[PDB]
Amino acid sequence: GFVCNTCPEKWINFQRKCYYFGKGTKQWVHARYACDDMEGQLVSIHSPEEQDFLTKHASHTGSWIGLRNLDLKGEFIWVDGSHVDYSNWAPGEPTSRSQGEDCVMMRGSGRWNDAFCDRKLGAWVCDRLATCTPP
C-alpha cells in the first residue's frame, strides 16, 4: 500500500490526489454534481503546494472550487467535509456585506473570490484520492 499516485484516465496526479480540470459552463451546484457523477468532489485545497499545482493548470477565466458558506452565518467549509487549514483568499475576501455570495471560485491568479452560486463559469475542478501501487 506504499505508493499512492495512480489516477484514472484524464485525471492528473499531485501528491496523494487526482484532479480533473473541467471545461463547460456551469453554476456552482451543477459543477458540484458533475464532480460527484465522476466519483470525485469539487476540489478542496489544503496547502500552498497544492494551490501552486492548481494555479498552473487552472483556467484563466476562473473555476469553481469546493468551498461554500454553508449556513447564512459567514463560515466557509469544504464540500468534502475536510477542514479549512489553508486559505488563498483574494485580499478583502470573503466580505461580511455580501449576502448571497456563498460559493467560491478560483481566479486565473489562483486566488479565491466568493460569488453568487448562480454565476456561470467556464471551468471547475474535481479531486479524488489517488489509489496505490501494490509492491
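Sequential numbering from 1, following the sequence displayed. Between two forms, the rigid core is defined as the largest C-alpha subset superposing within 1.5 Å.
> Quick one: with the core lined up, is it 49-57 or 75-83 that wanders further in 4 other deposited structures of this protein, going by C-alpha RMS?
Replying inline: This comes out as 75-83, the stretch further from the shown form in 4 other deposited structures of this protein.
> Once the rigid core is matched, which of the two stretches, 62-70 or 105-113, lies farther off on average in 4 other deposited structures of this protein by C-alpha?
Replying inline: It is 62-70 whose C-alphas lie farther from the shown form in 4 other deposited structures of this protein.
> As stated in the PDB record, which stretch has the larger average Cα B-factor, 1-9 or 125-133?
Replying inline: It is 1-9 that shows the higher mean C-alpha B-factor.
> On average, which has the higher Cα B-factor in the deposited entry, 29-37 or 74-82?
Replying inline: It is 74-82.
> Which has the highest CA B-factor per the PDB entry: 48, 94, 62, 66?
Replying inline: Largest recorded C-alpha B-factor: 94.
>> Checking the record values for 98, 87, 44, 109, which has the greatest CA B factor?
In response: Max CA B-factor in the entry, restricted to 98, 87, 44, 109: 98.
>> Quick check for you: using the entry's CA B-factors within this chain, is residue 54 in the lowest, middle or highest third?
In response: Middle third, going by the recorded CA B-factors of the chain.
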